[PDB]
Amino acid sequence: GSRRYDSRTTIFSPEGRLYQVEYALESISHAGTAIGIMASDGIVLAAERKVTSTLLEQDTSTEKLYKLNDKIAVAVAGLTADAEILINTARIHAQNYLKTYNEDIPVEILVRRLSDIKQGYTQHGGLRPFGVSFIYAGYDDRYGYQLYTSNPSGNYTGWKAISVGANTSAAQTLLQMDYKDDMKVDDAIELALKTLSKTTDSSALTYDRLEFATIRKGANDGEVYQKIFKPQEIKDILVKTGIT
Amino acid sequence: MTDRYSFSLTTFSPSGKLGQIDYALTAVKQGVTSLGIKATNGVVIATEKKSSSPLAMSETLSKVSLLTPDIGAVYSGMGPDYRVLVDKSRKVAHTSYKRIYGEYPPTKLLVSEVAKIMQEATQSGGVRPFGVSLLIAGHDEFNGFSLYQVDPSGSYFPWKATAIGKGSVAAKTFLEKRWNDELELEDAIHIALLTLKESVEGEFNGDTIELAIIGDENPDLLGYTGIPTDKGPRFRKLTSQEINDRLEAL
Amino acid sequence: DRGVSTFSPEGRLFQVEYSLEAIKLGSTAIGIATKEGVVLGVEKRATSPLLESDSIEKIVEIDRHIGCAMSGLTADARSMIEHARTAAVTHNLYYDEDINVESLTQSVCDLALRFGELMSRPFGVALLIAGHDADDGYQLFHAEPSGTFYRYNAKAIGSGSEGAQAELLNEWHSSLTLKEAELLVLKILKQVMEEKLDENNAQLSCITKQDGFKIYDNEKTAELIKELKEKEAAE
Amino acid sequence: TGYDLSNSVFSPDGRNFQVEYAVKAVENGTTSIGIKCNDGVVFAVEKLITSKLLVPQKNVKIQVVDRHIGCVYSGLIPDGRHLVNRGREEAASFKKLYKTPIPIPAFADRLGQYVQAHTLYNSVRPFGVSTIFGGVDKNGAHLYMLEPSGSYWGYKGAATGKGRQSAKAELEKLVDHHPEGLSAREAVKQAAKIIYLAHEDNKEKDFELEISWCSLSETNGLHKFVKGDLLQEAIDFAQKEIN
Amino acid sequence: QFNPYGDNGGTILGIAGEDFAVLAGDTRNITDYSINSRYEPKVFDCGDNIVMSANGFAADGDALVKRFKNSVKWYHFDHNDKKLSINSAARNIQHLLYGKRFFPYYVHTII
Amino acid sequence: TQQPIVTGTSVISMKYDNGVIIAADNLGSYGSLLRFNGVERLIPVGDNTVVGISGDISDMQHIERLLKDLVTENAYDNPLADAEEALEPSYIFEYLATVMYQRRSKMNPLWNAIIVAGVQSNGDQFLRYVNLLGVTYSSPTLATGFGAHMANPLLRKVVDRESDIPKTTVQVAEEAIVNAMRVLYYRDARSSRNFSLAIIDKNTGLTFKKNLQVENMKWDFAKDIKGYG
Amino acid sequence: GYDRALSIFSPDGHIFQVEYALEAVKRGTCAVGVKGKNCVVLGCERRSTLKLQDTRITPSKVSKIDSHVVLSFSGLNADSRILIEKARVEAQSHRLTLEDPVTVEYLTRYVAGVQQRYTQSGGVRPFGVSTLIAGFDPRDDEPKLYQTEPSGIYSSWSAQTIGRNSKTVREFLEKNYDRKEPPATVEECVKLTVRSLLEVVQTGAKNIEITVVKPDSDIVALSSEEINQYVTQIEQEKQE
Amino acid sequence: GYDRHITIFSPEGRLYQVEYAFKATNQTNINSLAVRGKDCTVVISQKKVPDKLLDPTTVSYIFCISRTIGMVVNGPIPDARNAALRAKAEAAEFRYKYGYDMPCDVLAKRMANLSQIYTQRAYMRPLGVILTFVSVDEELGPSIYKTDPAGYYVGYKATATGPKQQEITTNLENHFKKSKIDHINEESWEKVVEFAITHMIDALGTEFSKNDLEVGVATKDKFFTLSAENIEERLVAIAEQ
Amino acid sequence: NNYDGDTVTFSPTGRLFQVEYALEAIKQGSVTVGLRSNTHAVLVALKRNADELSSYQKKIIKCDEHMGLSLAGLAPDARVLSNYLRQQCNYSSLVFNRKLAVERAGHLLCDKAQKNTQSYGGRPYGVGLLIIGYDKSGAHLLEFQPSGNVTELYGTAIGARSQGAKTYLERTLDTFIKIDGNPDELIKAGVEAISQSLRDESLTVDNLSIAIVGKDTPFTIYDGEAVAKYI
Ligand SMILES: [Cl-]
Ligand SMILES: [Mg+2]
């Protein structure tokens, strides 16, 4: 019958590894690099679009950076379509929490929920896992500014600075070298762009090949503002930091 | 009986490739060329009516389809897959939007819904991916004119102009040289006809070419008068005669 | 691959035959039925000295009049025990009486072949079910993952079974006392065990009409081990 | 290759090999026939006597559906019983909704669609039987034969099983020599002869003859088994022709 | 409105001796002021030396007896032809009756 | 739960020495309107059983179809369908009684009162009753509706107990049944003059009599009756 | 629904999916449990391949199931969350119905049961997780320490370790842990737990986590400096 | 190589099971033809009764789907009858739900959609048939719409299906190249049937008796099939000029 | 070979190997004999033990007062099929007040077994059954195969070495069919029949199992000292 054609997506290898998870991670290693850096006064999200065209409408385009709510955003590395399925689920989860408790969802609770959904696809159902890794940038009044990552296994971890996608080994070494604990957002913006500029597979880093976002308490007084950078604003910050 | 294929037929290979999606893209590559160009005051989508037999009435086969009064779609790849996607796209525009908000969806969100359907055929049990790439052109009040490509994976990207299928690589290069941000709709149609001629072997006329635009509101195609705010559809399919008129000024 | 419910060319179910191999790797369990009671004994087989051996539970009460010993993949036995306890209690609720030992055993064995593509595989554990009822007296059954159960005067299961069964062949007679059966289980367990038998790595139990099912204290078993040593040195 | 390992898979020829393998099981079975007469139909089957311990006349093979349809089959007997059970459900639901007993062509399609459905999926096996069936309805007599593929047609005469070639040749002679038609009583006699003649392909063991019929004049359009004197008369006629 | 219950009259009596027991009942079956039958047995031998009567609404009475007789049959199948003791039969009948707690057998049962 | 619309009145029956007799009129009432005048309410099953039905006619036609399907089903893979494994009166009754009790237990009854009359394989007389409640009983005489109140008293004068059955001939039994049908025509407002009668005898088999009429009626004394006091 | 039997027997009587789940446990970071006379200590390894980690928010290796019971693990991190959630729900369900918190043995038996179920249910794979469950029964001062594994078997331990290089630290514990006289104080128990991890860990910096559980719901996690003082004192005695 | 057993993509982006279903289509070795008149639509198909034991009246590949719609099938009879039953059910349901007769082109699309699903869903196999639907539509007039195992469909001026479809197709192409119109300019359906038979004789190079052919005719408000004697009258008229 | 992985696959010669493998399990089973006259029907079964400490596996199961069977093959499958027969006998009695005909019981067993031979996921039954009974048409004996094939016979045998008993019954056919009104002589004929299938071992008191049903005889099983009379 049908058993003949079943790939068995949720089995261990003899070494105790999940085949499909490992292969999904291999897929993600070819995706455009995304970087997150956490500072004392905010968080930076920087990401590289994959080999674009001059006829691509950039100002209406979004493939890397997505808003989950007013306090939490994600950077994507992997299959964009897979990511949008999970993103919509996360947006709903945040609203469910807000309706139930009348408070914005704490960052970790949202991250744990999405990570559990990824985990399920590795243990039951016989379906392929989501070929997506996320960087979560968010703020809540318990832990303040937070960075997390999750991958197709459904495992998640917290970070001061982190990269996903292509050339993460090189990127992480560069971040580990220049990152300091008392760093500020404007310094973190520079570090993120410098790291992408060195790790990129492209000839040069330009505005049309980037997506950029900040989460700042640089919102007038006791509140947090998300800023998804426009193409012209990415062009300006590239000049300011002296990359173009 | 019962569908006993509850497992994924698309899976990651050791190299990280999703084979069935790659193979679906190969089917799209074999398909007839279709293109889209965005102007300041409109969008044009076009393709060749590759008739399978001269006894066949190719007017009864619609490659360019109205999704909403302000949104149209064209494809390259497997025709039957396209036809059912058009049926699903038309319905989801109503069920997940118009029956909720009392208005037709914006282009980007309808594209998002079609993309979701195509993504699910890439992960759900006992199904293969859709063997088509779509080009969706549309207009809405707050986003203006837009053009999107949707691939078998479910990924979608916005374009100023693009081409898919057989001679897409050559066609995209042709479009890069001609496109600017000051094009009027008639200029975009002219460029569309020029671009499409390169990938067509045989007859090149209004009967072998299918072309539609997203442009001005057409009150003559509304079917009723009396409501000022209702001004008619922006989607319009060009006639055989209208295409031939522009082939003399070619 | 191949069906989970597939027959071999010899007319045997592959999965059932393979589960029998898992039971052969299990620790030894022995049962002896007498007219004064049924004795159940097991090898604990702790994997390390830091493992607190009294937490190893391979002899289990099903009801006051029915006990059970296990060998093989012992985690698989938990749902079987749960079902047995539920079946014993349910029958008492429905009929205001004790359930027959055979009927309890049959109920457990009905679970065995409920696998396919129900559970995904057969149980990887064998059970020795011992008990007493008014109709058939003291009884000992051997429940297998094939769904088959045989009644026995004496039976050994696990890794040292065929050597133990040959020993039980010679030693059992219809006039054995309870004390004689206790020493006999200890003697044969000591014979087949890798490590030296003591009160911490072996466990005894019995079922009598008067007192019901009882797991023996380590102090009580230790005395029976000392009694065994002296009587073997007596000739 | 591997196209023949799973049902519903098209081979590069455009063939369903699993259905063709089901036909092999049919060809391995005993001979069964059907004859369309002037106002009805006759069914007959060869029953191999494997041993003396078989109780004569007890292991009945021909099956009735409703009260006006007879069914006989060659191949895997259980598969045939499963098909007749379904046929009985189909006939019951038809009569429940429409009052009138199911017409023979209508009944033929009900069996046909059900057998065809078992060639659509790999989760089921095709039927290992060819079924000869028919009876009398408002438009007269009808005889059908249905194959493992779900294919069926109407017949003047039909045969299946191990001795089908022999039987077919005999049936073809009757069609040629009787363009005006055959009577019901003649058809019973001829059916006995043809089974006896077809038994040469199964000559190792001896057999038992079983005949049934539906006729407008002889049985009032109801399916009945041929018994006693009429059966013996047909056996005698058959034995006389082989000698 | 449809009334699923009725009253078929009848009176039954059970007495326990030192080493015997009797279960008696009249044979008259009625509805309202009419006689349905002058002889319609109401007390039944259910096997295993048990007699039973379920008096009141006869349809429920016949159903309960029929189900209990069946329970005796299956007790033998399931428990090696063990004799069903009167106490075990009583507990079993409680479960048959309480199984329809919210749509009762409209009878008074005696064994 | 429903209400009966088109209805049939009394069904009466009794045992005699060699068999049973059953009868019922040919009317289908629509309340007080005597709507349908050609309704057969005695339904034979084989040559050994007759089922007599009163109450809702639509439910009667349903039961008629169940019985027809029962005969079809019994003949399936049954070489002895017209012999040892033919349907018995007791089989047909128990089936109907099962259906009737199940339907009342779902609170959706078949609004009928049924009497199954027949002769068993061993020659024993069979006569038993079942209704919309699933209530069953047997007696030397059985009757439904008005017949229970007016026919039974007359029929019980012939067969008052079990020992009277061997003493009762078929001529005496038929005579009593026919008289009771006349009495019901005098006194039941939902009755008709036309009726059917069936005899099931262990020797002569099933005799089914249609288009019978109530005759020898007394009305002449009416001419002398004047006023109300 | 997806019903495929993934955990099945092989000709030699092995269930490979369950055995491969144990290989995932072997890969996981080392976890250790030691019970003293009046306490239990859970030690955990943190691999220093990941720096730039935010330790405030990163999932900690030891998880409270209730106020009196804790759970640590070795193996797949994502898998462990599912077991931890189920255990926490069951702990509250037990309090709701029995009106008493779970015993350590009951909680262990439940988690072990879930693990077993996932070895003979259709369409699911076994958990790639082994757990150490420690605490004190309500109104009881006797220390409790249990272990579970993918197959679903469980048992009580005076001291135990799981995960990578657990063979080495078990070697240490088997020669250093005396049953007649267990670590009499919190100090002695923590010292022996840190010593056991130092056989395997690398640097005694942010690589060792220590959680102490005492009777009556007294659970506290030691900080970097507190652990660092144990690390310092151990090696200064070793230089001799 | 399990990509050849079920309907998933091969490395070339092909569906082999669909391609093999097209091959099953010619298993009956029968050719069919359809043409349009002014007021009618005619469909003819070869009839072969190879066994003398067969009842020839029951051997047919033309189906009356609804009062207005007819369907001829190229492929094995089990799959043909499967498609026939479904088309009949769909046509009846359509009329019930939407209050008017299902158009020929709409039924074709519906059956084409069902076929598409079998090419995408693994558990269902394609039907090894090509379906040619004919009618005189109340809006579009004479109509021919044809469906295949790929889920493809289109309208036709005229069409042919079977092992020798190309010969018939080219013959029809050449006629319409002369006349320069999309139909047979003839008043009566009888003469449109005569045209259809004549051009099949020319294309195949074979003569036909009354039992060698099978004819279906669609007019306004009804589709019907011709008897052997009706076909004989058609053959006599062809021979007499 | 390539066609024996499941029950849903025909071989190129039209064989069903999983069904044939299920048939093989019966041949490994212990011998059991069935035979009948016009008044009675008898089952004789050789029970098999595991070893000298073990009991002898029971072979005969009662289905109703007038019907029962003997088994050879997978015992749990016999329990499933006999349970189904118990239910069907019971349905007939409760609903129709009718004892289930033995021939109809055979038809029901055939259809239940057939469903397991045509569907994916399942497996055929691995047991053979000999059903005896006395109904309205007298004594009956049936042989059930898990292929679905059910056959009515005067006598038969299934299990290991069953061919010896079957040949004996084929010789004795004219004699044992005439043993009317004499239960002991009919059992003797059955005990003599099963003896033609023994090697090395002989019929002992805990080895032999006998069942009988007849005109005025409910289905009863004899074991232990109750069969010493026939040894
Ligand atoms: Cl559709
Ligand atoms: Mg498919």
Side-chain angles (χ1 to χ4, degrees), chain A residues 1-2 4-6, chain B residues 1-10 20 23-24 27 62 65 78-92 94-95 117 121 124-131, chain D residues 3 6-11 14 16 18 116-117 119-124, chain H residues 2-10 13-24 79 82-83 86-95 97-98 102-129 131 133 145 147-153:
Chain A
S2 62
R4 207 188 311 277
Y5 313 98
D6 183 17
Chain B
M1 187 233 286
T2 315
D3 186 350
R4 309 206 69 172
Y5 291 79
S6 47
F7 45 84
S8 279
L9 300 178
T10 304
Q20 285 295 310
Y23 306 158
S62 217
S65 303
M78 293 167 64
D81 282 18
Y82 167 72
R83 194 180 57 252
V84 300
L85 277 166
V86 169
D87 292 332
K88 293 173 197 289
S89 302
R90 283 165 173 171
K91 194 185 177 182
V92 79
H94 282 76
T95 58
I117 292 163
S124 298
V127 292
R128 59 159 180 82
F130 289 91
Chain D
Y3 297 96
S6 182
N7 190 22
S8 86
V9 173
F10 285 106
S11 71
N16 191 350
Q18 277 293 125
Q116 192 274 161
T119 71
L120 292 174
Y121 320 95
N122 59 198
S123 57
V124 290
Chain H
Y2 287 138
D3 63 314
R4 311 229 168 178
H5 292 198
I6 53 165
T7 55
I8 58 166
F9 287 112
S10 73
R14 287 164 63 171
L15 301 175
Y16 281 107
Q17 281 298 301
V18 174
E19 292 177 10
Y20 302 157
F22 270 94
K23 233 172 285 176
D79 285 12
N82 180 109
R86 186 56 179 270
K88 288 174 186 186
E90 293 288 335
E93 194 193 59
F94 187 99
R95 173 59 185 78
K97 288 187 177 183
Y98 307 110
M102 195 176 200
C104 176
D105 57 302
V106 177
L107 176 61
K109 188 190 174 178
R110 173 56 178 165
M111 298 302 294
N113 283 157
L114 260 21
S115 286
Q116 187 285 148
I117 290 165
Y118 312 143
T119 70
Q120 187 157 210
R121 228 104 93 191
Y123 87 106
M124 288 255 47
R125 74 159 169 89
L127 296 174
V129 291
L131 312 172
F133 295 94
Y145 287 81
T147 315
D148 63 32
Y152 169 92
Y153 93 105

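What you see below is based on every heavy atom in this structure, not just the backbone, and it leaves out hydrogens, waters and symmetry mates. Numbering of ligands and ligand atoms starts at 1, following listing order. The chains referred to below are lettered A, B, ... by the order of the sequence lines, with proteins before strands, and numbering in each begins at 1.
- Note on H:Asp79 versus H:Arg125: salt bridge recorded, some NZ/NE/NH1/NH2 to OD/OE distance being below 4.0 Å.
- In this structure, H:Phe94 and H:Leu107 have side chains that are not in contact, with every pair of non-hydrogen atoms separated by 4.5 Å or more.
- Looking at residues two or more places apart in sequence or on another chain, you find a side-chain contact (heavy atoms from CB on, under 4.5 Å) between H:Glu19 and H:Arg14, H:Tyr16.
- In this structure, H:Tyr2 has its ring center under 6.0 Å from that of A:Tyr5.
- By the criterion of a separation under 2.8 Å, the protein N/O/S atoms near the Mg ion (ligand 2) amount to H:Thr7 OG1, H:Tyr118 O, H:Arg121 O, H:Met124 O.
- Put simply, NE2 on H:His5 and CZ on A:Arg4 are 8.0 Å apart, with the number rounded to the nearest 0.5 Å.
- Aromatic ring centres of B:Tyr5 and B:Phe7: separated by under 6.0 Å.
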